[PDB]
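J.: Just need the structure, nothing else, for what follows:
(one chain, ligands or ions: 3)
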Amino acid sequence: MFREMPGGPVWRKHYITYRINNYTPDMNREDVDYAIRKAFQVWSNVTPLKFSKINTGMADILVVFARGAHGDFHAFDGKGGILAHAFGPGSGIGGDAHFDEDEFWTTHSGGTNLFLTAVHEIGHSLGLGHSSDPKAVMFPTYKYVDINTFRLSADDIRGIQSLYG
Ligand SMILES: CC(C)[C@H](NS(=O)(=O)c1ccc2c(c1)sc1ccccc12)C(=O)O
Ligand SMILES: [Zn+2]
Ligand SMILES: [Zn+2]
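T.: Residues are numbered from 1 along each chain as shown. Ligands and ions are numbered 1, 2, ... in the order given. Sure, structure below:
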């Protein structure tokens, strides 16, 4: 009762497209796109895939930020608890996930880093289950650092390598 698995854009588990039809009026909107472009790269760097964003149309997964609530989902509980969410990516209005802005963000980091989190969120995208504790970017602030200082560990590399490149 869920075998359904369609896809409009280049969907083949190999290439995943991401589109941001919205951001949030509080910080450089470009800093939200740039880091997302540098984030999807972290994966291509260690994978022979190709993730690209279309200027307009339908993308494998739609990203949208908001605060308080946004119709979809049972609405965020507020600041705390969860920091992000991700629904089964593959169904029509399913991949079009949304990020919880109910918290205080800052491109300068400090609070909740969206960059480090970026690579984490994508982890679920590639149906990547969770590990035990291999100091993976999953761990809370495994390596809290700027976006240009972002670096993976040999342990986090032992998880993805499971694909053999
Ligand atoms: C959605 C939720 C159940 C869970 N994610 S989480 O617990 O919200 C979760 C897990 C990892 C990280 C954050 C939030 S915030 C952050 C900053 C830097 C690096 C890592 C992370 C999940 O992995 O599915
Ligand atoms: Zn949402
Ligand atoms: Zn995770």
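
J.: just the strands in the chain please.
T.: For the chain, the strands defined by DSSP state E cover 18-20, 61-66, 98-100.

J.: List the contacts of stretch 71-83.
T.: The contact list for stretch 71-83 (C-beta atoms under 8 Å, 6 or more residues apart in numbering) reads 67-69, 85, 96, 98, 100, 102-104, 112, 117. C-betas here are computed from N, CA, C, even on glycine.

J.: May I have the beta-bridge partners of residue 25?
T.: Per DSSP bridges, residues listed as beta-bridge partners of residue 25: residue 27.

J.: To ligand 2, which of the strands of the chain lies closest?
T.: strand 98-100 (2.4 Å; C-beta to the ion).

J.: Whether that closest one contacts ligand 1 - can you check?
T.: No. Figure legend: strand 98-100 not in contact with ligand 1 (C-beta under 6 Å from any ligand atom); closest approach 8.6 Å.

J.: picking up where we left off before, out of the contacts of stretch 71-83, who's nearest residue 7?
T.: Using C-beta to C-beta, the shortest approach to residue 7 within those belongs to residue 96, at 13.1 Å.

J.: now the residue nearest to that closest one when sequence neighbours are not counted, which residues is it bridged with?
T.: Nearest residue to residue 96, sequence neighbours excluded (C-beta to C-beta, 6 or more residues apart in numbering): residue 62, at 3.6 Å. Legend: beta-bridge partners of residue 62 under DSSP bridges are residue 19.

J.: Distance check, residue 16 against ligand 2.
T.: Using C-beta to the ion, to the nearest Å, residue 16 is found at 18 Å from ligand 2.

J.: burial of that residue, as a residue count?
T.: 24 (other C-beta atoms under 10 Å).

J.: interface residues of this protein facing ligand 1?
T.: Within the chain, the residues that sit near ligand 1 (C-beta under 6 Å from any ligand atom) are 82-85, 112-113, 116-117, 120, 124, 137-138, 140-142.
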